[PDB]
There are 2 protein chains.
Amino acid sequence: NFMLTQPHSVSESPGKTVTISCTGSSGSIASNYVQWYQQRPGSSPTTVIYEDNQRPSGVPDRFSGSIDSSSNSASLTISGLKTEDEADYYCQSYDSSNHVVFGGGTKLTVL
Amino acid sequence: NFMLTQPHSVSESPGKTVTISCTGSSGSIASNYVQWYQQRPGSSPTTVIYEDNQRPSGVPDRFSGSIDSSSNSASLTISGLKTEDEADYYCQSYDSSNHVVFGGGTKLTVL
């Protein structure tokens, strides 16, 4: 019954750095790998981070992932924010039964 | 480099049965489990089928999954269609490196 909670929304100005976090409930964040998807309205989700902190090829190094077991959380950090980074972001991992678990989603608004 | 292709859109009248398919490319559909998500606009995706054909508790038995290895495809079938079934649907599986792969998405319009 692992669950991932993220803030509903965050805003930040172009060029600055934003962080979206994802906190485990009813389980340890470190038990399973955390993936981060960017999703544009009506579009399929695209990976920006897998295995906690790996970037697929083609993903800018502006996108970075981290795990903080002390806080039971995972974080997506986007630096040098661009207007095109405005979109929804979802963390995702697995429960003890290795079933997919999604966070609730965060809309990033680039001011 | 496994990829999952689905039709962009389908439409069907209330009470009838619709089928959304998802065809493997550069790989065999049967190599890995297929999951199906329903997603409402701006909302987190919710599982309707996992492990090819399992329904989470709470998902109506109107939702059923199937695999056709002859066609290299997986299918979501929704019967007794209701207006609230109108939403986007995504298949999802894994590539050889066990990385998450999403289909492109299908909008179901309930006429």
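What follows draws every value from the coordinates through simple rules; no lab data is involved. For neighbour counting, all protein chains shown are included, and Cβ atoms are generated from backbone atoms with ideal geometry for every residue, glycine included.
Quick look at the values:
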| read-out | value |
| --- | --- |
| Residues of the stretch B:55-98 that turn out to be within 14 Å of another protein chain (Cβ to nearest Cβ), surrounded by 15 or more Cβ atoms within 10 Å (Cβ to Cβ) and of a type outside the set (A, V, I, L, M, F, W, C), as a count | 9 |
| Within the stretch B:45-65, tally of residues that are in a loop (DSSP other than H, G, I, E, B) and either under 21 Å from B:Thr83 (Cβ atoms) or among the β-branched types (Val, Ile, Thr) (or both) | 7 |
| Residues of the stretch B:21-54 classified as more than 14 Å from chain A (Cβ to nearest Cβ) and surrounded by 19 or more Cβ atoms within 10 Å (Cβ to Cβ), total | 3 |
| Answer from A:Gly15, A:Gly104 - the residue that is in a loop (DSSP other than H, G, I, E, B) and either within 10 Å of another protein chain (Cβ to nearest Cβ) or hydrophobic (A, V, I, L, M, F, W, C) (or both) | A:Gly104 |
